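Each chain is listed here by its residues.
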Amino acid sequence: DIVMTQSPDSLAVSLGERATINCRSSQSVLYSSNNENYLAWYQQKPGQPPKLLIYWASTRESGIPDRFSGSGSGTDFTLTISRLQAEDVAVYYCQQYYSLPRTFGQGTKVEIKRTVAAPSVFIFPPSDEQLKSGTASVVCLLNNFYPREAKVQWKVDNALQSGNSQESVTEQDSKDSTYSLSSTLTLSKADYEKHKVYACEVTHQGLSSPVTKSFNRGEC
Amino acid sequence: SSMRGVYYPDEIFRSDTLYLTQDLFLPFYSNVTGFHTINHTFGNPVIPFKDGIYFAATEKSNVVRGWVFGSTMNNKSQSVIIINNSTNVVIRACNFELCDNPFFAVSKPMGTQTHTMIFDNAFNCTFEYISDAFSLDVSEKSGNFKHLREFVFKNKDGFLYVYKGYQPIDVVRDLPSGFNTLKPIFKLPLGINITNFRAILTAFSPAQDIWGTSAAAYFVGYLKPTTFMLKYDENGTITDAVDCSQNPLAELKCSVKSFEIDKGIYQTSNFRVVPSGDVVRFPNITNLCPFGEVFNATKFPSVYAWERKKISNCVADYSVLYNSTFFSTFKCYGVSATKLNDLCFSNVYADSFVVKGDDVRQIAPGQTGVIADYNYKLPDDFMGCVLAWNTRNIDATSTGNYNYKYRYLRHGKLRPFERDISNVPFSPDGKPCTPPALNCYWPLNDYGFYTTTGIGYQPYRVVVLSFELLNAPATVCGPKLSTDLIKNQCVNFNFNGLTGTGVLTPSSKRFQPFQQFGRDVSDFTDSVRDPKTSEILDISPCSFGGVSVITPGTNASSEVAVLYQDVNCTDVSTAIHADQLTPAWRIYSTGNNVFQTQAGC
Amino acid sequence: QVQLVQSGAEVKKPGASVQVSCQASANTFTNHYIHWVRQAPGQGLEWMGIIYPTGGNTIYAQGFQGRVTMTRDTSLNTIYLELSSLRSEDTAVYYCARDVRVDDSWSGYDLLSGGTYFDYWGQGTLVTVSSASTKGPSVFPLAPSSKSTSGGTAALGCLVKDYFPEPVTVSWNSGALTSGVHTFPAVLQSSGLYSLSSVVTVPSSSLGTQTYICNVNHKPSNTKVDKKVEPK
Ligand SMILES: *[C@@H]1O[C@H](CO)[C@@H](O)[C@H](O)[C@H]1NC(C)=O
Ligand SMILES: *[C@@H]1O[C@H](CO)[C@@H](O)[C@H](O)[C@H]1NC(C)=O
Ligand SMILES: *[C@@H]1O[C@H](CO)[C@@H](O)[C@H](O)[C@H]1NC(C)=O
Ligand SMILES: *[C@@H]1O[C@H](CO)[C@@H](O)[C@H](O)[C@H]1NC(C)=O
Ligand SMILES: *[C@@H]1O[C@H](CO)[C@@H](O)[C@H](O)[C@H]1NC(C)=O
Ligand SMILES: *[C@@H]1O[C@H](CO)[C@@H](O)[C@H](O)[C@H]1NC(C)=O
Ligand SMILES: *[C@@H]1O[C@H](CO)[C@@H](O)[C@H](O)[C@H]1NC(C)=O
Ligand SMILES: *[C@@H]1O[C@H](CO)[C@@H](O)[C@H](O)[C@H]1NC(C)=O
Ligand SMILES: *[C@@H]1O[C@H](CO)[C@@H](O)[C@H](O)[C@H]1NC(C)=O
Ligand SMILES: *[C@@H]1O[C@H](CO)[C@@H](O)[C@H](O)[C@H]1NC(C)=O
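As recorded in the PDB header, cryo-EM is the method behind this entry, and the stated resolution is 3.43 Å.

Bringing the pattern of salt bridges into the picture now. Pairing of side chains with opposite charge becomes possible as their charged atoms draw close. All names here are of chain B. Ionic pairing is found between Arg92 and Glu128, a salt bridge with its closest N-O pair at 2.8 Å. Separated by 36 residues along the polypeptide, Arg92 in strand β8 (residues 89-92) and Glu128 in strand β9 (residues 128-130) bring together distant segments of the chain. For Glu140, the salt bridge is made with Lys141, and the minimal N-O distance between the two is 2.8 Å.

Before going further, it helps to examine the pairing of strand β10 (residues 147-156) of chain B. Residue and element names in this part refer to chain B. As judged from the seven bridges shared by strand β5 (residues 53-59) and β10, these two strands associate in the antiparallel manner. Its bridge partner lying in β10, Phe55 is registered against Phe151. As defined by bridge partners, β10 adjoins strand β11 (residues 159-168) across 10 bridges and the pair is classed as antiparallel. Of the residues in β11, the one forming a bridge with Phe151 is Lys164. Taking the residues that link successive antiparallel strands as the turn, the β10-β11 hairpin has two residues, and the phi of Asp157 there is positive, at about 55°.

Turning next to the interface of chain B and chain A. Contact residues are listed per partner, giving 15 residues for chain B and 14 residues for chain A. The residue makeup of the side of chain B that touches chain A, split by class, is four nonpolar, seven polar and four charged.

So, about the interface of chain A and chain C. Between chain A and chain C, the contact holds 54 residues from the first and 62 residues from the second. Looking at the side of chain A that touches chain C, the elements that each hand over two or more residues are β7 (103-104), β8 (139-143), β10 (166-174) and β11 (178-184) of chain A. A breakdown of the residues in the side of chain A that touches chain C according to their chemical character gives 26 nonpolar, 22 polar and six charged.

As a general point, the strands of a sheet are linked pairwise by backbone hydrogen bonds and lie either parallel or antiparallel. Residue and element names in this part refer to chain B. Pairing in this open sheet of three strands is antiparallel, and the strands run β2-β15-β16 from one edge to the other. In the strand order of this sheet, the two ends are held by β2 (18-25) and β16 (238-243), each with one partner. Strand-to-strand twist in this sheet, taken as the mean axis angle between neighbours without regard to direction, amounts to 35°. Pairing of β2 with strand β15 (residues 224-232) involves eight bridges; the strand directions are antiparallel. If you follow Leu18 over to β15, its bridge partner there is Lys231. Against the sheet, helix α2 (residues 248-255) engages β2, β15 and β16, with an angle of about 120° to β16.

Okay, the sheet that holds strand β13 (residues 212-214) of chain A next. All names here are of chain A. Strands sit in the order β9-β12-β13 across an open sheet of three strands; the sheet is antiparallel. With one partner strand each, in any of the chains shown, β9 (150-152) and β13 form the two edges of the open sheet. Direction aside, the axes of adjacent strands within the sheet are offset by 20° on average.

Between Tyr129(B) and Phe186(B), the ring centres sit 5.8 Å apart and the planes meet at 75°, which makes this aromatic pair edge-to-face. Within this pair, whereas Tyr129(B) is found in strand β9, its partner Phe186(B) is found in strand β12 (residues 181-188), the two being separated by 57 residues in sequence. Summarising the aromatic geometry, the rings of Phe330(B) and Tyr109(C) are spaced 5.2 Å apart at their centres and angled 75° between planes, so their arrangement reads as edge-to-face. A residue pair is termed interchain when its members come from two chains, as with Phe330(B) in strand β21 (residues 329-332) and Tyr109(C) in the loop between β9 (96-98) and β10 (120-121). A connected cluster of aromatic rings, assembled from ring pairs, spans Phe35(B), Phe49(B), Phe55(B), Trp67(B), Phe69(B), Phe151(B), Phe153(B), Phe197(B) and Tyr218(B). The ring of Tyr19(B) carries the charged tip of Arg14(B) above its face, separated from the ring centre by 4.2 Å. Against the face of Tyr404(B) rests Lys299(B), its NZ or CZ located 5.7 Å from the ring centre.

The rules behind these values
- Residues numbered from 1 in each chain as written, not as in the entry; some residues may be left out.
- Chains lettered and ligands numbered in written order.
- Part of a larger assembly, values for the part shown.
- Heavy atoms only, no water.
- Residues with missing side-chain atoms left out of burial classes, pairs and counts.
- Salt bridge = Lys/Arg side-chain N within 4 Å of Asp/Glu carboxyl O.
- Helix = DSSP H or I, 4+ residues; strand = E, 2+ residues; numbered from the N terminus.
- Pairing = 2+ DSSP bridges.
- Contact = heavy atoms within 4.5 Å.
- Nonpolar A, V, L, I, M, F, W, Y, C, P; charged D, E, K, R; others polar.
- Axes fitted to C-alpha atoms, helices over the stretch in contact; angles between N-to-C directions.
- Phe/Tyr/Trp six-rings, centres within 6.5 Å; stacked < 30°, edge-to-face > 60°.
- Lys NZ or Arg CZ within 6 Å of the ring centre and 35° of its normal.

Structural data, given as structure tokens:
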């Protein structure tokens, strides 16, 4: 469709590195009456309507990040996406200035190449209120490793379910895009009572596979 | 507030004559705004400049330390500022800030605030000027408020003209009626768009302790385009003047070129009653244009079936079509669609077809390329407009409707309208182009996709129309309004294009069923059939006639009486029925006690 | 271009109606067709619906033809949502795109050329599917204990429960440390509502050093709280 769609859904540059916003469109975008071609780069945050910030897809226009736009090619495009944890991280795709139906799709979100250092793994029990301790029972933690680069087991009552924890994470705690994260054996509040002999096991993109130790609730 | 504010009109002046001239003078006995100003009744308010001002102030010490003129006097654009340093006048053209009571009064080193210039603070000083002693000439006379500084400021042809005079005063807050003439001082070339101004007190509260003296009085009166007669003496001095607008005696003695008039009756001007309203009348609505065929076929033409016409002698519903919620897009290349709702033309050319939603990009008047050039593209020389609406729901099919084919390329058809319509293998500039043999080629894709396809595919039915402008009769128009009728008043009017100014009346004037309007023996028109009611109206001209002034000698009295020749006093003024006194300046140059004679009112 | 503004972030319940608010002006809603924001706020709000607020003329993809159906909110010169069959499509960002710059000295609804992708953007708003239970005062005293947190990888946090929104007023950690913001939102648990296992980077050496706050709800839950607890 002429709501032109990004290919990557999120970007992948290193610090200052020259990654690309790959994209695709409908038909006859380099049109015979207009000749400047209708694809233009969208360059703005999620939740906004997609706003045109690189007219005719050769370079960034005014108010674009400059590292976030580049070569269009008819039904296809490949903009620059340099250092895309920042700068080109303003969410971006090719988009039509074409006619009534013309738009950008979801756009590639901000993302970058990152560190993946090993998370912790040992006894992970609830507090003294273990009889309602919920999804954070049998829990693990990580730092200096990317949000998609560290993960945890559902090790409730020492069941050792590797990689199966419910989890959350945040951007670089260490400068090499090296994030922080935590995860645990997912359950409703009262299910932590059976889980209370809780282990933790965890793994990462630059780390070994999940392995664990365990202890009773109200203790380390 | 009168007989102030006459100035020598220019530099060409000459001896001992009555000269009658037109300019932005201050009209006699107009009400001047007296800014009586005292301590708590205090400020330097911004005032609109209009066509120019008479300005005056009760003064000596240059308490009115200056003026600022411009569009804004504070932001962006240039402004003229005029300041009394203690010796002299300063002029600048700079775009000053002036957010408050204006106190940016910084000045150059050589006699600061006293001789060399003041308000240095701004960013575009394209003109600067130093005068000599033009604040000492004010300070020469004895005691503040016992004198009037008197000025005219007018702006025309990119010049600010400044005229002044300076005279004694007895009342510190009044503007006396004594005649005096202002001399020219400057013709400043600065080109500034002046529309507002303010006086400058520059935080002063004079040591001339009349009230503690955060206080003065100053006066503003607007100039107006008026005819003055000016009386010169043997030294080339203006010695007297007459505002010819003021009253019927002033008009009389201007017309006679004299300051004294003998007992008699004199003809001076023509009375001519202005219209109160406007009456436009048109027939029963009829002859609606045949757009339903082009626009509202149940299944539209393909690109190659392309139904097309030209249309004439009809009333265009285009206001409704423009007002319609339907169309996915419409564009005019010609004059705006908003006026095609009501505009008139010699004829229209009109046609309709279909596109896959994407190709609507190329179809317009003003737009050309290998899509539209080879199935429909019109010449861009008409008032062309284009409209699109949903094929996606109606004459589409889910496969792409294979009857609603794509455009049929034929590169060599360069001529407008011809822009190859045809269902033929013909794509090249000039190769043999039979049916399908290896010499020649045909694009044959499907245009008409259904509404569940992506919003690019979603096809439009499309209409183009093209209005034609000529000096020849405009056989197409939008619908036209008919007003209420207005009997027994002087009005403007229009029948079916028979326009005039007159008094419409009911009539006994019997005439035949086929007749629209009566001439008279002069062959001017005198009666019309109302096109909507079929009323038989009679038309007569709005009242007019000579105006004559009856006077004793001005030697004996300045009372006058006025005769409006030939008219009925019923048509004459909204008067105030005193004998002797004409309320003339406002009321009809006349305005009072009434009597009727066969000579007129 | 337009007097661009957007608002009216709301949860769209499965199969119900959907609504939104915007402001607009000039060419961006009258010469060029404005775009209905018709993609999730995890991305740019793609123009799957196309509209003219100054005329009621519209075009859509056939999900968005209902799920982000729009009407002229004439007091703002701009679209207000009036959608139906609410779901993940109706969970699109609460926005209206002031259309691309006018392609000519044209007149009327002339956008046969120029896109619905914005020349002016109203900043938009959030949205989601309203399937989660309208609750969340529940809280759960567990997180990575001293052994499981193990030095510089360690965190402070708590389990949310029964929440309508995933973001919680308790923020998992009790503010005791902040080496990395890993106390991210809850996820929909088997209770039909948000529950959590996230924690922000902090010392593991005791349950008090990794101190926590546990209530799952916020303003969209009608049950927001920050009641305290710990790991281990
Ligand atoms: C003109 O009229 C105003 C009120 O409209 C009055 O304050 C002012 O004093 C009048 N002018 C003169 C010269 O009295
Ligand atoms: C003069 O200035 C006023 C006030 O800014 C403005 O409204 C007007 O259009 C200007 N006219 C010209 C000819 O610049
Ligand atoms: C511009 O406008 C502001 C309005 O408050 C005023 O304070 C300022 O003095 C003006 N001039 C400049 C040059 O900023
Ligand atoms: C001065 O005036 C010109 C217009 O005459 C304007 O373009 C310029 O920006 C102004 N400069 C400053 C510094 O105010
Ligand atoms: C002209 O001006 C002189 C100035 O000295 C004056 O004496 C004379 O009376 C004036 N009038 C005539 C008619 O000369
Ligand atoms: C048409 O003519 C008739 C004549 O009786 C009149 O009553 C009617 O008002 C006219 N209608 C229009 C639409 O002009
Ligand atoms: C009929 O009239 C409408 C309203 O003006 C117009 O938009 C539409 O294109 C026409 N054709 C059909 C088949 O409805
Ligand atoms: C239709 O025309 C009238 C003219 O008075 C106008 O008030 C109205 O807003 C227009 N409506 C549409 C939908 O164009
Ligand atoms: C005319 O006026 C003069 C004074 O200017 C006077 O001597 C004479 O008597 C007057 N005559 C009449 C008839 O008014
Ligand atoms: C003048 O108007 C009156 C009504 O005010 C009228 O009676 C009279 O016939 C009209 N004509 C003449 C010549 O008086």
